[PDB]
Ligand SMILES: CCCCCCCCCCCCCCCCCC(=O)O[C@@H](COC(=O)CCCCCCCCCCCCCCC)COP(=O)(O)OCCN
Ligand SMILES: NC(=O)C1=CN([C@@H]2O[C@H](COP(=O)(O)OP(=O)(O)OC[C@H]3O[C@@H](n4cnc5c(N)ncnc54)[C@H](OP(=O)(O)O)[C@@H]3O)[C@@H](O)[C@H]2O)C=CC1
Ligand code: SF4
Ligand code: SF4
Ligand code: SF4
């Protein structure tokens, strides 16, 4: 792939794949710098941040994995630059390069908790207003912690008490022999 | 004027009718089931002016056989001055 | 199985299985239109102005004659 | 003579060839500030030289497009100016060179993907004209 | 009781209550307590099925089962109290209605529910709710009836708690919401008797919290007539002073001598006479509420207060009166 | 008096116009409108009414009763009093004013008050600015209706509406001044709100655009007012331009020529045109709308007063 | 006798069942199915149902789609400003009960947690006729009101 | 540029008897009278509407409506308690508890589909091995109260016996797929 | 000056909760508020098998249902390497394209009802109630037809569906013409749409529009021509691409894309090979009812595919199709287990509704509903 | 207000497909 020859070797730091869509699992420090490359470059012109997929691996040490997808409307190719930032590592924000990253990074911080550096208006986009907790993590239970909301003598108001529901039935379908 | 008395009583009888239409809902259903938009002053002054000029149109409209071709041209001069005012308002851009 | 679900008595072989499922008839469907066939066969620019202007030319003469009769 | 680029915002430039020559000369001059043994400088030098050459040889914008098969000269100017931005950016936060540890794990999964799945096909070659 | 849960809204509390007065201002807070601590509530309604609709929520899928019943017809009260172990009684009126008289709505019902619960052996706790100072020889026929109700619910059914809530304040109440909407007669508040009345209101949430607290309690609070008074013994004028703090209005009271009021409330007391028309529920001027307003016996004596329920009432300033903001 | 015989049938007319609009505008959309309530939805207006009457208020608020509880009364009384001078047949006008037309103009100039007051008493900045915008629109297409009426007045002798409908015995002013009928209709569409011209009446911005205290009576009275104002402003496109109560004058043997029936047929045509033109056309945005009443229907109205005055002065047709 | 009361209740119920304009809280697809129930084939303007765009004047409120924990206060605030003879219809599984998202943290387990509901149109994507039958059941709920007989106790 | 674009887009239509054509279209609405004419054609055409309670919209035997537990022609609930539908259910609506009945053949003591917590995707009809659970074309079961909408353990889903005459038809016609 | 512009007409744009910071009538910034429709879809899918995950996709975009099941299926075949037949591909496109028509018929005339034209809504919804006679006939549910399963497609068309889709396609050019004659020519339409929400191509690329809002600006970019993911490389159709970018170009595209989708429907009808309906790999496709009952080895797979699942191998792919809203892509990380692992759903309307901030700057407040119109903002995907 | 007004003039309608009409 042409993109790996020109790219500074240090920027594609950790990993690199070659199927199911190619990816440059880079380091969080060289990320927005790597996103600056592949865009505003004559032979690699992405210009289009398709998606920013937070992925949570609890068993890693760098829990999350902020998977930046990238389409190249010019050369008709799609590259998936990734990162790895745990719960308390502010990662560089690429809203300055692709302004679509604004809401995607708001969602990545909301769902997961990967705060974004110098991202203007980094505010919970999806979850409730007084939401405490980050849903799309793994350790966040499906039904939520305190997320039932019912009406009450505090009229015109829906409270936010601790939650109780028919227990979500987790089925252990997974079979041995893989 | 003689025919103004029917509408004179019309105002009061329609007042009564609307008062009944007001009291009908009130009786039933018992216990159990921008700093300033000056364009609104420009539009307003401009309607004032154009309704003044329609007020001047009305007698000229109803009496145009009397004023044969001279009242017509005098009204067309008044209307050319109206049109100059209206073109100064169109170009200056008060109609927006 | 799959030779006991699609029987077709006989057939001597696993091929030639019935295989009757939905599809276009032999010869496809009719050629379906997709373009915009908006017929512009109305009154032209003229004939509409000249109907309006003609109505004004004669109808206003009729307004005049009616004003003469009323007077 | 070009009426308009179909793209909105990419305004047609009449002096396409001249500003392209300017931009490619600027690029060749500015790329000298990166170390020579970096793939980025070999790439920039090579394609900027090719496009500057084909822009100097041909005269019309249409012939520039036809030989240099890279779309439209307005998009070519966008690419060249973005490349100048990148070279003036790369001078800063210089990423050139490889630190001693340099652990880079190339991972290859070769599972074939079924053909009827979005696969980004190459598209027309510069024989489009 | 047989509680299998953690909090409420899906827990169980072994309290399959039948809050007889649930479709009412006190009822909506009591039902919410009983069905937010996770217990069934067999809310019986009297007429329009829209009455207990605001109670189908605040209870999780059958924790609140609104049921239809006729007040004068038994064999229906027995059907409402078929599957029940707690029976609270909030059925009471402050105004005589042409069909149900003061006794037939305050005393002759509480006695009837008492008897038909006694028969249905299994009603562990039967709470009986009557106004504070509802002792015999009280002027207001509502309080004499509500006293006879206590005397007949204790006799016909001993170990039956009797709350004595004083005038209860809160949203959709009958004490503050009539004064407002009469301040909408241009700030004109007709405090009757000159505000010399001394009555102890109480945030209805705390009356409910006491009615449930006598259920969650042990064998005690049985046959012991509490007096759910509240804090800050007020006077009618002083209580009105707090309304005008919430609703932005200027205090413009007037005094009304009791003869003037009883003459102003002399109409709407022909309820038994004007048969072909029901009167519109006298809100502020109620001859019986005025007879009660005369003597300031609405103060908690040495009888059991909230303190005997490990409970302390909220004040009457701030949130427990912030339902008045909707009048500003 | 006999004002009952012109307000009650007009009340029924408005109540059945809500159904006529829903039903016609539905037939346009390939669907039957209100069709279950009555035999053909004929009782649907009574159902809407009897529902709005039986709806408990959201808040009583009978205190503020002189400010905006008589402002809908004012709007409706004006929409109903502009019906006096409207003649339905020869000698069927309630009060033949020799300045009838100017009186209609004045009634509109007071409907402006109706709107402005009923919007100011709604203490909602968005709703009040909406009412002010609606008043400025209703009053900006009033200079154009004014000049259109000056045209149809030049053609006629006097402002007497019975004369304006009697001055068309020879030919309706719809045939020679058809371009004017199109401008009066497209103005009566815009003077009233119910039109391609109803951004202040954009489905949501209308309800939250007239008052805050609805109580149902306010909602019905505004809509009863809008539908009477519509029956009226359609009973003007049929006096002035169409022959008020005049037949085509072919004098058929099958047709005994009733007058009020012809006036009814024509006002039905213009009401059906109100509906049809509400169905088939997008809204004008109130920023192109005000730029259509000044920059389009005022120049094209002024030209018409000079054209129908000229062509009638040169040839002595006056 | 009582017959006059029976007929005045029949009349009030005929009104409230003929013209029942719902504030269609069309959240999600069940609003697209509700739009099909308002569309040409299954008319809702036939049965009098006029989709109001404002909570101020509306007899009903056909909440559809997933009531999110964030759209719960807005739904409650809208329900609190309908005129008292109001009803609520839950349309779709997500609106009536927890639904596909019963165990989602952000989804309330049925609008029956925010507004008191009177007819739950069943089926996660209810057929447009099914929502129409839910409304024809709300019409029954009206025809069983007899509010005058209860005002006379 | 927009200034020059305007100048040129107005110098494209700049020849007499074309300025006149465009003027006439603006002066007398032409595109708009083609809107009114189409609207009228639809005002007079037959109406694609359906007076619902008496005639209902077309469906298909694959239509997924009210869930019904089928039975074998000779009584005996078809629902052997494999719990495959309880497993396949995306919303986990079906709660199945199983007990060897006295006859000895397994059966579900509790088969409760929660219709409110149910997405009507027909996965249960596919997953069930014996076609025990199928969706009856009912779709008209709007309930006044939520508790009724939770379909009880094998008692209300056993009302599919009434719908068997249509469910057996739909299955006999769909089983070819 | 802040204005809480909510859902103007509910039931059309459900939970639209913009907070407009206006300047008189000129909007200075539009701040959309998301989450009012944020069901836990990107979390709930981590908890269910790859089969149970599919019904969420028809519930992601509620006006174009099967396009998202087709984008998910192509993300659990990108991993599974699950070659589907030709008939499955042709049906899958004949319904992805019927869905493009079902969406443009809504997203045009719901937009045209927000602008004010009331009748195109009801004509297009009669058309949509004709196409739901195909959805409801081929799968069962009129809207959420959980029909495009991972391997192939759920079950074959009924024996009379291509004849009916033909009898519909013959009469559908006329319906598009009516939707066009009623809106395209109108001066009240052009005026309401021309030069409204103009997006220069650099902006449509920056903000990741990638839909009918990336072909307005003139960027010729259709992921059916770029990344042909089915018979699309065999089917002939021209992608209409705008030249100005204003909301009147996006409308003209959506009304031509509704004709090219008609071409694709007519092709898929005229060339639909009589082949198997699902992939022959019975460990990714549950065997038919007839086979699993008669064959013991098929019964085992019907049991381990409707309870266990596929257990698609460990990988992570971003499969993006051209859904009607835009490039709907589902980034599907897959732990080896039978349940997905962070099935992230890139949904246009999350990138488009971002564009509302800059699209509707300096446009009048009444235009902010036209922008929301042409973005085809469906909040299920947001 | 100096905000850019929506000028309702433009270029005339010409359906613009992609270059892949006949031979890709
Ligand atoms: C062919 C017959 C037509 C009949 C039409 C009947 C329609 C009646 C119902 C209402 C229709 C829809 C209303 C639409 C409102 C908006 C109309 C409008 O203003 O359109 C344009 C103006 O239209 C009108 O004003 C129409 C009024 C016609 C009046 C007469 C015009 C000239 C008459 C010439 C007479 C010739 C003879 C006279 C001398 C002999 C505005 O310009 P624009 O912005 O659309 O585009 C150009 C921008 N510069
Ligand atoms: N409100 C106050 O300020 C005070 C009240 N109390 C007592 O608290 C209790 C509840 O108060 P609150 O809810 O405000 O009272 P309400 O007057 O609002 O009535 C509450 C309940 O009583 C029912 N009820 C009343 N009379 C009858 C009757 N004749 N037949 C059947 N049901 C009847 C009502 O049924 P329906 O709604 O159908 O009429 C409703 O369910 C009563 O005992 C009351 O006297 C104590 C202190 C003062
Ligand atoms: S219940 Fe089903 S159809 Fe209704 S909104 Fe929820 S997912 Fe959509
Ligand atoms: S359709 Fe069947 S499997 Fe799917 S959610 Fe409903 S009950 Fe469960
Ligand atoms: S319904 Fe089907 S899947 Fe469910 S227990 Fe019965 S046989 Fe098994």
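Chains as they are written, first to last, in the authors' numbering: chain F, 8 to 185; chain J, 2 to 34, 55 to 117; chain Z, 2 to 72; chain R, 14 to 142; chain T, 55 to 382; chain H, 7 to 324; chain E, 65 to 217; chain D, 45 to 221; chain G, 11 to 392; chain r, 0 to 23.
Every residue gets a Cβ at the ideal spot worked out from N, C-alpha and C, and that includes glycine.
Check your understanding: alpha helix (DSSP H) containing residue 68 of chain J: first to last residue?
Key -> Run containing residue 68 of chain J: 60 to 83, per the alpha helix (DSSP H) assignment.
Practice item. Check the Cβ of residue 76 of chain D against every Cβ in chain H and list those closer than 7 Å, keeping chain order. Key: 287
Exercise for review: Report the neighbours of residue 48 of chain Z on chain H: residues whose CB is nearer than 8 Å to its CB, in chain order.
Suggested key: Under the 8 Å cutoff, chain H gives no residues; its nearest Cβ is about 15 Å from residue 48 of chain Z.
Point to revise | Residues surrounding ligand 4 [beta-carbon distance to nearest heavy atom under 6 Å] | key: D:111, D:129, D:132, D:133, D:134, D:135, D:137, D:138, D:157, D:162, D:163, D:164, D:165, D:166, D:167 and D:168
Practice item. Out of E:187, E:155 and E:178, state which residue places its alpha-carbon closest to the alpha-carbon of residue 114 of chain T. Key: E:178
Point to revise | Residue closest to residue 228 of chain T, alpha-carbon to alpha-carbon, out of T:377, T:271 and T:316 | key: Among T:377, T:271 and T:316, the Cα nearest to that of residue 228 of chain T belongs to T:377.
Review point. Apart from the five residues just before and just after residue 34 of chain J, which ones in its own chain have a Cβ nearer than 8 Å to its Cβ?
Key: none
Point to revise | Residue environment, residue 105 of chain J, which counts as buried when at least 16 other CB atoms sit within 10 Å | key: So residue 105 of chain J ends up on the exposed side.
Review point. When every heavy atom of ligand 5 is checked, does at least one fall within less than 7 Å of the C-beta of residue 19 of chain r?
Key: No, ligand 5 has no heavy atom inside 7 Å of this Cβ.
Practice item. Check each residue of the stretch 109 to 142 of chain D: if its Cβ is closer than 8 Å to any Cβ of chain E, include it; give the result in chain order. Key: 109, 110, 134, 135 and 136
Review point. Which stretch, first to last residue, makes up the beta strand (DSSP E) that contains residue 62 of chain R?
Key: From DSSP, residue 62 of chain R is part of no beta strand (DSSP E) but of the alpha helix (DSSP H) over 52 to 70.
Review point. With DSSP run on the structure shown, which of helix, strand or coil describes residue 110 of chain H?
Key: helix
Exercise for review: Give the secondary structure of residue 79 of chain E by DSSP, where H, G and I count as helix, E and B as strand, and everything else as coil.
Suggested key: Helix, per DSSP.
Review point. Looking at the structure shown, is residue 103 of chain R part of a helix, part of a strand, or coil, going by DSSP?
Key: Correct three-state label for residue 103 of chain R: helix.
Check your understanding: So residue 87 of chain F is in the beta strand (DSSP E); what residue range does that whole segment cover?
Key -> 84 to 89
Exercise for review: Mark residue 209 of chain G as exposed unless 16 or more other C-beta atoms lie within 10 angstroms of its C-beta, in which case mark it buried.
Suggested key: Buried: at least 16 other Cβ atoms inside 10 Å.
Check your understanding: Using a threshold of 7 Å, is the CB atom of residue 99 of chain T nearer than that to any non-hydrogen atom of ligand 2?
Key -> In this structure, residue 99 of chain T has its CB closer than 7 Å to one or more heavy atoms of ligand 2.
Exercise for review: Could you tell me which of D:126, D:75, D:173 and D:131 sits nearest to residue 152 of chain D, measuring between CA atoms?
Suggested key: D:126
Check your understanding: Going by alpha carbons, who is nearest to residue 127 of chain F out of F:136, F:112 and F:138?
Key -> F:112
Review point. Nearest to residue 119 of chain G by alpha carbon, out of G:85, G:193, G:82 and G:173?
Key: Residue G:193 is the option with its Cα nearest to residue 119 of chain G.
Review point. Does DSSP classify residue 81 of chain R as helix, strand or coil?
Key: coil
Check your understanding: If we count the other Cβ atoms within 10 Å of its Cβ and call it buried at 16 or more, is residue 304 of chain T buried or exposed?
Key -> exposed
Review point. If you check the beta carbons only, do residue 34 of chain H and residue 282 of chain H fall under 8 Å apart?
Key: yes
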